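Okay, so here's just one chain, in structure tokens, the form deposited without the ligand.
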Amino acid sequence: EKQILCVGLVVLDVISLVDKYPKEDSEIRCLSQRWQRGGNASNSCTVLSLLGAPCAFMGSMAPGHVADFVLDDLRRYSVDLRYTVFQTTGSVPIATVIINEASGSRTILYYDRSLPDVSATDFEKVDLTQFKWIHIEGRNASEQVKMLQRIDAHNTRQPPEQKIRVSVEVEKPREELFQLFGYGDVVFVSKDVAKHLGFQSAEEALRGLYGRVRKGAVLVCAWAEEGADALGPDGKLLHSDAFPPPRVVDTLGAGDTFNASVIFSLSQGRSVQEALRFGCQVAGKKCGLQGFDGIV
């Protein structure tokens, strides 16, 4: 069984659990503080692994005790780390995460880039024959476009049977990332990006942006409590309602869980409509649990 490769950046989430969202200028005693491995594509590997799909993670890494914590954790999920790009400068990024016990909301304070990104030349070294799906978390787009061109060139020399399926996520509302819309068989665009571009609903965003994706591609937009929508070459808008848990306790990585679950379902040969449904359900289940493990 060929692997699913995720290219992205691992982040250390330093999570403070509070009984209510802190009022500016107050002092509040937290219920707990914990470390959790995070990062979008990183979290998606966790979920893919939990769902039973062998996968590999490619990201930059700075040796030290933080690296040990996050790499050990990836190893626990049997994520293949052959393509870890070790950097002799910079550090693993940290995100300070406030979770409101009352609501499950997650509020993320993150920082400037703390280490070099995975480059096109790094990706050149990947043995593409090992993978049936490659997902790219949009970040350093000019480099990633080259990576995507490399996969495309590879696929031209392949039977349709042996083509590597590609997905990309455009989550941050940064201009440089929009070029990624034209790559990938599946394109995840965030609600935040949609709203930044002036769309007020997933349906609106999908209709508004479909003209930018590559021929044959499926564009997917999750819209929180409003569920998720997709639009493919046939012009039929597809939708799944959200599947909230009875009590929301932790929504950190819920979007990553959605992405992973859609990739999983699609990679398993399911329809887009079913993949959306499955994504919403697994993401919802996740929101009712601390971290990811209880989704299975």
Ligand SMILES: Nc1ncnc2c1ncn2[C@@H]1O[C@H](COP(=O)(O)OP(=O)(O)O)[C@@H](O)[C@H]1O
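Rigid core: the largest C-alpha set superposing within 1.5 Å between the two forms. Throughout, we count residues from 1 along the sequence that is shown.
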Quiz item: Relative to this form, superposed by the core, which stretch has the greater CA RMS in 7 other deposited structures of this protein: 42-50 or 246-254?
Solution: 246-254
Quiz item: C-alpha RMS from this form in 7 other deposited structures of this protein, rigid core superposed: larger for 20-28 or 6-14?
Solution: 20-28
Exercise. Report the stretch with the higher mean CA temperature factor, choosing between 232-240 and 258-266 on the basis of the entry.
Key: 232-240
Quiz item: Which of the two stretches, 72-80 or 151-159, shows the higher mean Cα temperature factor in the record?
Solution: 151-159
Quiz prompt | Deposited CA B-factor, highest of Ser190, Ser114, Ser167, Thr96 | solution = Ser114
Self-check item: Highest recorded Cα temperature factor - choice among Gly211, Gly138, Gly198, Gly182
Solution: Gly198
Quiz prompt | CA B-factor placement of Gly288, once the chain's modelled residues are sorted into thirds | solution = middle
Quiz item: What third of the chain, by the recorded C-alpha B-factor, contains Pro54?
Solution: highest
Exercise. Sorting the chain's modelled residues by C-alpha B-factor, tell me whether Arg34 ends up in the lowest, middle or highest third.
Key: middle
Exercise. Can you work out whether the C-alpha temperature factor of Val296 puts it in the lowest, middle or highest third of the chain?
Key: highest
Quiz item: Comparing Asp19 with the other modelled residues of its chain, is its CA B-factor in the lowest, middle or highest third?
Solution: highest
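Beyond the structure shown, there is the form solved in complex with the ligand, which is absent from this document and is the topic of what follows.
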Self-check item: Complete contact of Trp223, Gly284 and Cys287 with the ligand in the entry with it bound (any heavy atom, 4.5 Å)
Solution: yes
Self-check item: Single option in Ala254, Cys55, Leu231, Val47 placed near the ligand in the entry with it bound, where near means a heavy atom within 4.5 Å
Solution: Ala254
Quiz item: Which of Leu238, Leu51, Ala242, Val66 has a heavy atom within 4.5 Å of the ligand in the entry with it bound?
Solution: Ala242
Practice problem: Please run the contact check for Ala275 against the ligand in the entry with it bound: heavy atoms, 4.5 angstroms, yes or no? | Solution: no
Quiz prompt | 4.5 Å heavy atom contact, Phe264 to the ligand in the entry with it bound | solution = no
Quiz prompt | One stretch from 215-223, 146-154, 123-131, 176-184 that, in the entry with it bound, holds residues within 4.5 Å of the ligand by heavy atom | solution = 215-223
Exercise. Pull the contact list for 21-40: residues with a heavy atom within 4.5 Å of the ligand in the entry with it bound, in sequence order.
Key: none
